[PDB]
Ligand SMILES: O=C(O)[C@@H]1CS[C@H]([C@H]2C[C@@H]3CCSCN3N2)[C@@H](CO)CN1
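Quick heads-up: it's one chain on its own, the form deposited without the ligand, in structure tokens.
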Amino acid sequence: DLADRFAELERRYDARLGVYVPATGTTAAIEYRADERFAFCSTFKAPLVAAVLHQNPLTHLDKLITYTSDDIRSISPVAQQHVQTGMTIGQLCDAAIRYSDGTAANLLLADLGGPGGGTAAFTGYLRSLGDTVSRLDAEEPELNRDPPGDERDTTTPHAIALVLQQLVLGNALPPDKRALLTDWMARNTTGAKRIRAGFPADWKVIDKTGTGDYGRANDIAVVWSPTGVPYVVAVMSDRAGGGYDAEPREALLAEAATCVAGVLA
């Protein structure tokens, strides 16, 4: 019914689209490939900073972290500007959410500590939320590179939407920490052509994007209707049929999102 447009959209872009909007009191859950595994790509950075916040007192945001140019291995628009000074955990969080900074995410994982540079603690962190499905296995940028069907570094639209749900609308974080996670997503700079572009402007949209190879383009978001009702939208997509080199298509995420808005209005 709405499945007919999502599959319609998949045909248009030669894509696989996963969509999840958790049910509220007034609205029914929206499921499209909701429980199929998609790659996190950079979408993991939002629950990752929640992993850091949850584990640490606010005072920890001021911990200065140093690193070398050798640590800068992926898209890091902020971390490159700070090889000489380093960054505090807080700005690493800021960098990780608002600019999808990959090196900043890697150091936050290292701050999570432990095996695989913190990927097991981060997976462990998702389990604490009730997400038994997801796993992060590599750091940036290898986690964007797993071949299709490989279960490493994947989540599901269902799984991630519910994780975000407790992070932003629930009680996964104390209120003062919840406020920090929400504002970074709210002033994120990377999702203007994705979920945000499909909803009317008078809807509020906070989001964290993800992009990888095989045409992988994700956006996880929390949106508020003009009346102020919150919904969570998971939109995930890849274009594996085109190989490692498949171009990501943002139009797919904006088009799909509009469909969601049409049903949520």
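Each residue number is its position in the shown sequence, starting from 1.
Note that the form solved in complex with the ligand isn't included here; everything after this is about it.
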May I ask you to decide between open and blocked for this site, after superimposing the site C-alphas so that the ligand adopts its pose in the deposited bound form, counting ligand atoms within 2.4 Å of backbone or C-beta atoms with 3 as the threshold?
blocked
Using 4.5 Å between non-hydrogen atoms, is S134 touching the ligand in the deposited bound form?
no
Should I75 be counted as a contact of the ligand in the deposited bound form, where contact means heavy atoms within 4.5 Å?
yes
Does the ligand come within 4.5 Å of any heavy atom of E140 in the deposited bound form?
yes
Spell out, yes or no, whether the shortest heavy atom distance between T155 and the ligand in the deposited bound form is within 4.5 Å.
no
Can you say which of 52-60, 206-214, 30-38, 224-232 gets within 4.5 Å of the ligand in the deposited bound form, counting heavy atoms only?
206-214
Any residue of 90-106 with a heavy atom within 4.5 Å of the ligand in the deposited bound form counts; write them all down in order.
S100
